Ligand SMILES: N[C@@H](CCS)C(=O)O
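Take a look at this one chain, the form solved without 2-amino-4-mercapto-butyric acid (HCS), written out in structure tokens.
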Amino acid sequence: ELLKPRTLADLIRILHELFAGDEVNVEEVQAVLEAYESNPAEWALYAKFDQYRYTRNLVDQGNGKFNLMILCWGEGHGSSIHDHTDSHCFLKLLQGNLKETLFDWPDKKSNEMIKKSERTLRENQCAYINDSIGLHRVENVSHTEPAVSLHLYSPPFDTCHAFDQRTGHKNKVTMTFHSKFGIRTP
């Protein structure tokens, strides 16, 4: 039974329930993420920005079944073109806007990567990506407003691949956290 999360903590409890089995209902997860209304007071603990690039801040480990984390994007910060290691990935905006660009999996030949589409994700919107759909890049193109987003990955993964736009070549990347449970990482 899907109910509206009243708070971030409530969202987390609902997610534990949803992920209690070994099979995940993606539509239900997206729906509950969208129904959570961003309340900056509830996630301030996790919103730790960096001057130079975006930060990843772990919120919950999902009793093993998922990682839930908050990403903080300064003006002009963006990500690489990346995959998600055969996991489910959900992204919800908690503050500001992000441009999401979708790319096709590259061919064998070196070649400018092909942009499928792009869209602006606005506050409280929740999107879904998985490798079968394609690859993506996420960016805060604003010059005046920092952005904050909530991400959920299941199963959790800490390694993925980044892709070069000019050539399609991929490189392995290990994901790092800037903070976990509100505490900065060494």
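Numbers for residues come from their place in the sequence shown, where the first is 1.
The same protein also has a form solved in complex with 2-amino-4-mercapto-butyric acid (HCS), omitted here; what follows describes it.
Peer 1: Counting only heavy atoms and a 4.5 Å cut-off, does 2-amino-4-mercapto-butyric acid (HCS) in the deposited complex sit next to every one of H84, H151 and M175?
Peer 2: Contact check passed for all of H84, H151 and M175.
Peer 1: Are any of the heavy atoms in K65 no more than 4.5 Å from a heavy atom of 2-amino-4-mercapto-butyric acid (HCS) in the deposited complex?
Peer 2: It does not: once 2-amino-4-mercapto-butyric acid (HCS) is placed as it appears in the deposited complex, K65 has no heavy atom within 4.5 Å of it.
Peer 1: State yes or no: in the deposited complex, is some non-hydrogen atom of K48 no more than 4.5 angstroms from a non-hydrogen atom of 2-amino-4-mercapto-butyric acid (HCS)?
Peer 2: No, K48 is distant from the partner.
Peer 1: In the deposited complex, is there a heavy atom of 2-amino-4-mercapto-butyric acid (HCS) that lies within 4.5 Å of any heavy atom of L71, even though the partner is absent here?
Peer 2: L71: yes, in contact with 2-amino-4-mercapto-butyric acid (HCS) in the deposited complex.
Peer 1: So in the deposited complex, is 2-amino-4-mercapto-butyric acid (HCS) close enough to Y36 to count as touching (4.5 Å, heavy atoms)?
Peer 2: No, no contact at 4.5 Å.
Peer 1: Partner absent here, but in the deposited complex, which of 24-32, 140-148, 51-59, 38-46 has residues with a heavy atom within 4.5 Å of 2-amino-4-mercapto-butyric acid (HCS)?
Peer 2: This holds for exactly one stretch, 51-59.
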